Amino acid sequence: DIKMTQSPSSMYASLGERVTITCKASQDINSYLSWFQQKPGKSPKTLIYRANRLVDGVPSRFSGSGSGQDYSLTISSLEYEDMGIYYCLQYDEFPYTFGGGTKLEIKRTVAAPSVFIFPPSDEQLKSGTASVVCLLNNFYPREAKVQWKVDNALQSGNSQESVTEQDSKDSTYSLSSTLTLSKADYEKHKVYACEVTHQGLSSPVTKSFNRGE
């Protein structure tokens, strides 16, 4: 019943910035406001409780403030490990209600991807399928363009991409693009290449192999 509104929904911040996110309750919650950090694939982690009390082990750059309806959390100098989603929670009365969360993404200097290609394994091939993987490792910013070329013919409709969550140690992303053909189709062709363009790259880079090699 008590409504919790967080601001902003999302934000970019740089290493060493002083960041504040806010939470407002539709009623007075008597300073029973807690803050949590969550990263993809992991459970939430309690940072602050009773609006201004740090859980032991939480770094001192984190602080919280507020009373009545208005609450904030401040990071006095942002570190890369501080990325994630932050949630507020009132536990003043039932039912407990969470805010919608604040997505904190880190901005850092441009970093070109390291580009790798993996031919399909012999084991997969004898099952009738060929998966070719192009890997773009540890780049920033997140936007990257991958094109598959098979005997110099540009491919469409037979690849799938996945992007990692932002990395907590260097604030980069990585990307996988997987081209999947039947074994018969794979064996009809010679040169398998992925071509990558990215802001960190002075010109497109190509990784390729010859199916024989």
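Heads up: residue numbers just count along the shown sequence, starting at 1.
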State which stretch shows the higher mean Cα B factor in the entry: 59-67 or 155-163. 59-67
With reference to the PDB entry, specify whether the mean Cα temperature factor is higher for 42-50 or for 183-191. 183-191
Looking at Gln90, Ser121, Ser77, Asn138, which has the highest Cα B-factor in the entry? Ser77
Entry-reported Cα temperature factor of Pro95, expressed as the chain third it lands in: middle
Looking at the temperature factor on the CA atom of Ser127, which third of the chain's modelled residues does it land in? highest
Among the modelled residues of its chain, the C-alpha B-factor of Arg108 falls in the third labelled lowest
Third assignment of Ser31 from its chain's C-alpha B-factors: middle
